[PDB]
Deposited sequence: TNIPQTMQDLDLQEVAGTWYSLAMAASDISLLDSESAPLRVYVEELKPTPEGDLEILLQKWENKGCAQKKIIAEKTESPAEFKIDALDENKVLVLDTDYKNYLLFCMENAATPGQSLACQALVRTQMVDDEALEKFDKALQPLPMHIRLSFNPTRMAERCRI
């Protein structure tokens, strides 16, 4: 399991994001545009309470991630996953997160690199690959954010 960010300022992740890259432990989770975890993030909507709404494109999808005692871990109930982990962000340019089913990570771990603009950002990708370096990924995809936007 990836380590989560210390000192996440949750309200600062608000607004528009684009999915630049995705990676997963199981090829089947990401392998076509209709694969279960091929979801493209369009907005992060933190709530006054400290929870995190995630709006996605597949068709639109709305996932609410409920806060926990760890500022960077959230609970969900969607996509056959139950946890969202924020690995790292600088709020203004890139954000890295993963989703897993905490009771079966090896069939469920899927991570993304999100960016604030429709540009490919090679530094965000380097940070994404370093984050994934010890994780057991079998598919990694990178996108031109323009296409889905």
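Comparing the deposited sequence against the modelled residues, what ranges come up empty for C-alpha?
Since the structure holds only modelled residues, the stretches it omits are 1-2, 61-66, 158-162.
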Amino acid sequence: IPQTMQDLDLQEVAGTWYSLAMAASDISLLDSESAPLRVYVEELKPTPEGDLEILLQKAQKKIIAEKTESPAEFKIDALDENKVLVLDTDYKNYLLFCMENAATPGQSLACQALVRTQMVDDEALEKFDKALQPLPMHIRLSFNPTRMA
From here on, numbers count along this sequence of modelled residues.
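Going by the mean C-alpha B-factor recorded in the entry, which is higher: 47-55 or 100-108?
Comparing 47-55 with 100-108, the higher mean C-alpha B-factor belongs to 100-108.
Taking the mean of the C-alpha B-factors per stretch from the entry, tell me the winner out of 61-69 and 90-98.
On average, C-alpha B-factors are higher across 61-69.
Where does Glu123 sit by CA temperature factor within its chain: lowest, middle or highest third?
Its C-alpha B-factor, which the entry lists for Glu123, ranks in the lowest third among residues of this chain.
Rank-wise, by C-alpha B-factor, drop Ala14 into the lowest, middle or highest third of its chain.
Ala14: CA B-factor falls in the middle third of its chain.
For the chain shown, is the CA B-factor of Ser142 in the lowest, middle or highest third of its modelled residues?
Tercile = lowest for this residue's CA B-factor.
Ordered by C-alpha B-factor within the chain, which third holds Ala131? Give me lowest, middle or highest, please.
Middle third of the chain for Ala131's C-alpha B-factor.
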